[PDB]
């Protein structure tokens, strides 16, 4: 199969202009499609997950144009819920941000649409969201395994009292929050218990406000939404650079810099993953903040023991950075790594051991003891962009590393290796 071998990188230094945020991009596209008026999105991410959302909007009849590099999108708002019949099939790859949000949005009014995706997506849970949508009136059918896509959506979400489990994915609550304002009746969303990946809920509320809608957040345990609202185009909107994509470059500097500056995000960013910089600082790196940049400069690197529930995606980057730290690193409260692009706890533990680390794969945590020196390994990537990007960091040592299926980075960052190479120096 395809592979890429990275030669040892002696030092990293430079500036990277980040690709757009996948999280912001897909929310902005769906809201722009539902809104009244024309929205111009700039710095939109061009990656598989965004392309699947764009294809879905095209299939649903939404009109838009894209610039040559696909980062500028002029969307003609539908001025209300999107519709299709005939069990129209929308293929969503392994894009959770599209699968979960569209599963809820397309329950407004009447419809007959099927949502499906790649094999792994048919193994990623969605029952908590379906349960909530049904309590609000939606008719949803599991076409294969109960609690997982594919789904046949026949509409009917009118609002009301809806309970939702927030313990496995914040994407379910995000989906409900963006959908409820357009339902005819008011909706009260009660969180059953714990809420994981909380910062992503803040991203959703931020985007909804940009598109003209606010709701009552009662300490993240209950959300009161007024029905009968309409989203409105914000005019021109700048999509933040991707803070998760930034993690690899800031970590590279913490390991082998040099100073690496990423632009497109800064101290005012809405993304929870900018807090990844705080972790590097705790490990011994120096961080600089600007209005439109974050930079990291090599200091030292010491192991940490931290609850990473607030930054589950960027946290994976700490797992390979831990190979270069002094001491044993423990990342806790990351159970849902198991239900994402791949089971990330199994995958990370398996590949880390291949380069020499002693690793304890806990049920919802991972403990990593680095080897005195790394060895060469051919890294399996599990159709997971982040496994490829995380393991690229192994090359910031005396050994090369071979990454299988390097194009899997295209899920959120097609140009990843060219960008890592841009900051890679021989001297």
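Residue numbers count along the first chain shown, from 1.
- Per-stretch averaging of Cα B factors for 235-243 and 283-291 places 283-291 on top.
- Looking at mean Cα B-factors across 368-376 and 51-59, the upper value is held by 368-376.
- Note on 336, 204, 154, 329: the highest value goes to 154, judged by CA B factor as recorded.
- Looking only at 94, 116, 161, 320, the residue with the top Cα B factor in the deposited structure is 161.
- Among all modelled residues in its chain, residue 383 ranks in the lowest third by Cα B-factor.
- Among all modelled residues in this chain, the alpha-carbon of residue 101 has a temperature factor (C-alpha) in the lowest third.
- In the PDB entry, a CA B factor belonging to the highest third of its chain's modelled residues is recorded for residue 76.
- Residue 363: CA B factor in the highest third of modelled residues in this chain (values from the PDB entry).
- Among the modelled residues of the chain, residue 302 sits in the middle third by CA temperature factor in this PDB entry.
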